[PDB]
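Engineer: Got a sequence here, can you build the structure:
(2 chains)
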Amino acid sequence: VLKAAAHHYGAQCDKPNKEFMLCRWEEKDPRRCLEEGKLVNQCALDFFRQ
Amino acid sequence: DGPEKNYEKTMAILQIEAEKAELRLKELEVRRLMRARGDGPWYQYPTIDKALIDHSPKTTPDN
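Structural biologist: Residues are numbered from 1 along each chain as shown, chains lettered A, B, ... in the order given. Sharing the structure here:
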């Protein structure tokens, strides 16, 4: 299911996913980006709801 | 020659040899301290160069 919608998911959920990736790749600590990780799922769920 | 020529030559030779002895003792102490501490220009055994480290985005986020 994820792979089928992956191309559209990357374009629509670009903004929150990229922020989380930047956080993980600058903090280098998963415990310093949990809040950004939560926003990834929230936007991912909103993507599938549409 | 005069007796004073040998006198002054002996004084010069003694000065030079005493300076040599003092410098030799100083060199021994300096070498011992440098080998014990490694805080001088001598006995600087090489370490890994930090220019080899790759400061680029890797694959895993935790580096």
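
Engineer: tell me which element the residue of chain A found nearest chain B falls in.
Structural biologist: Here chain A gets closest to chain B at one residue, residue A:24, 4.0 Å apart by Cβ to the nearest Cβ. C-beta coordinates here come from the backbone N, C-alpha and C atoms, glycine included. Assigned by DSSP states H and E, residue A:24 belongs to helix A:14-27.

Engineer: Quick one: name the residues of chain B near chain A.
Structural biologist: Residues of chain B lying close to chain A by Cβ under 8 Å from any Cβ of the partner chain are B:57, B:61, B:62, B:63.

Engineer: okay, now the last one: neighbour count?
Structural biologist: So the one you mean is residue B:63. 9 (other Cβ atoms under 10 Å in any protein chain shown).

Engineer: repeat for the second one
Structural biologist: With neighbours defined by other Cβ under 10 Å, the count for residue B:61 comes to 18.
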